[PDB]
């Protein structure tokens, strides 16, 4: 399988302007008729090269003439000797029931549905399956009326009819030209939640949520969030919906989270279905996020699309930015920012230090489905946020306006977006563009000097990015470096120099530079990289007292949290080294006291307190180290939890009790209180056994919502409490018929600290609620084990790697996209000790030799074994 390269982009030899599709739908054999209106733009002698995968070609006509000048080749139909303008008619067959990869047209339970992004439409017919070919679609669907009473495609219904033998048909038209990755089709029997939204200018939009029969009780929150999304996009970005109907279909079998197909979004059920006894607060807020995200794509992705797939972050970074801004505006901005930073530093930084490292705009791709990444998405969004930091809101919105004015109705590039922002704002982004081309995480080193004779404070700031396996050359970036300086009372020191104010966003553009601030009348405590102003590692020699001071005084809630993270990092590192020497946890009394103070501070937002009291995950901990010791990390996380639980026992119980809420509401103040209460419960679970068991068991049994029930259950597992097995059985017996709810339980089993976790996980391959055919179940049991229990995955006997190999041997053939997600923990081998590397390498070599190795896995394995 051959790499493709961004620098090889060339405009297509042929365009398609209009396509009329007919589907004679059947699970075993679907017949597709595609009539495309084509226009030659290249040389007269160039053939039309269509993409196609696993299609049974029935016929090829050009202007209704059966065509002889064609040939099928690997992945392609190559059609020669064409006129400059013509009608192409292709008839082909496909088999949805055989489609275990869930790409193209496939079966989800009894429904038929599609996934076309990135390159799935070529599994449906022979086409120009590239996103700079935009065509007006019309779609006729013919099927059995009893099995498929709802026949859905993009746009509006233009025709309908009934046929002999129990078949019927519906034809759809979408006026907006689209790339084929935005085509969708759905056929099935659903319950439908129907509502309306009226846009600011008065356009009435029919809203329709399709869910499996019996799931209407779980639909209203996703509908609410849809309307919230539409209102917010009007208020914040001035964007309205552009069609007459907005359809969302929730399907149980889905690889990609959710999908923005124009007017017909298809969602994994996990990001639609919620009710208070099935879904947690985090599920609610994830529904909200993802509903918003797909909606936001209507403009940032659909009305302006991608010229080629190397521009994926043009839509994904921008739309993740939008979903964050939506969440943050409606909910707690500090909690959203904190959690997005946790993702960046724990999960994305790890990718940027891996063999799969790439810039947000990749240069080389073998399988484009491998590049729906933390980098393209989350780092993409940090890059858009840097633009927002550099420009400010008003100028950033001016750039959005210019981007749409220039590019509405077209496929554009990352560079086009940057140019719009630059031209609308007058801010120079020439240097800033390097963020699109350079991979790896920059390291920003800061040293300071206070000169009491001159009352000047000097920051000396250096940057470097280490080489990555994909790029040997690195250069300095344009790093927006936000600061704030605090005097000894906790008040902000005005930034100025030579009599003029200095912006608090420093432009760190060189390998090394100094910034001098005048009229600094007290030695400052600095808050550095405020609100994570650039996606960088920060190296500053903090004293503990500077950090506890920020925890008390910093103006932005994020900075209080970040200071606590910096304070904890020192002691996480200390204690991992101690663990490797067989020594127990050591923690200064003054560090425990800082967290006691957070517990007892009445003035702190409980949302913020909860996050300060949520320890970094094992993934976030790993990124503090060059060589990861996953057992030490897991054991130190536990020991730290236990030490704090002992030292803060009375305070934790008092705050736990103070935040009791008898009514359950999905409201942000209530969510905040519950997150704080359940943060205290995590530590309390690690108190004296008798107290902890009673407290946890009682919360599980008295809970009136799944947030509280799951928090108790998770604490029974994490602390190995006496009540654990009984509560886990109770949950299984109550919820085994509900896969989304059982996913939470598979995750707890997979992440259990119990010594026999792998045996349990293997046994759960036969569980009544588990199936290898469902990506959510795979993710929740197998994925959670490999990715979220690195201590067990990395068991010294190598048993974790052997288990993953067996699962991957199945999934390579069944569903390569899911396989490729799951291999990620194995490709991190160079971060581990030599003996682990040797076992991981042996595992990778075994997979390398699989018969019919997927391109998806090939790309990752070859990078890892290099």
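Numbering follows the first chain given and starts at 1.
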| query | finding |
| --- | --- |
| Mean Cα B-factor comparison, 491 to 499 or 590 to 598, giving the higher one as deposited | 491 to 499 |
| Between the two ranges 289 to 297 and 750 to 758, the one averaging a larger CA B factor in the entry | 750 to 758 |
| 416, 119, 235, 73, ranked by C-alpha B-factor: the highest one | 73 |
| Identity of residue with top Cα B-factor, from 387, 459, 243, 479 | 459 |
| CA B-factor placement of residue 27, once the chain's modelled residues are sorted into thirds | highest |
| Chain-relative CA temperature factor third for residue 802 | highest |
| Lowest, middle or highest third - CA B-factor, residue 18 | lowest |
| CA B-factor ranking of residue 821, expressed as a third of its chain | lowest |
| Ranked against its chain, the third holding the CA B-factor of residue 687 | highest |
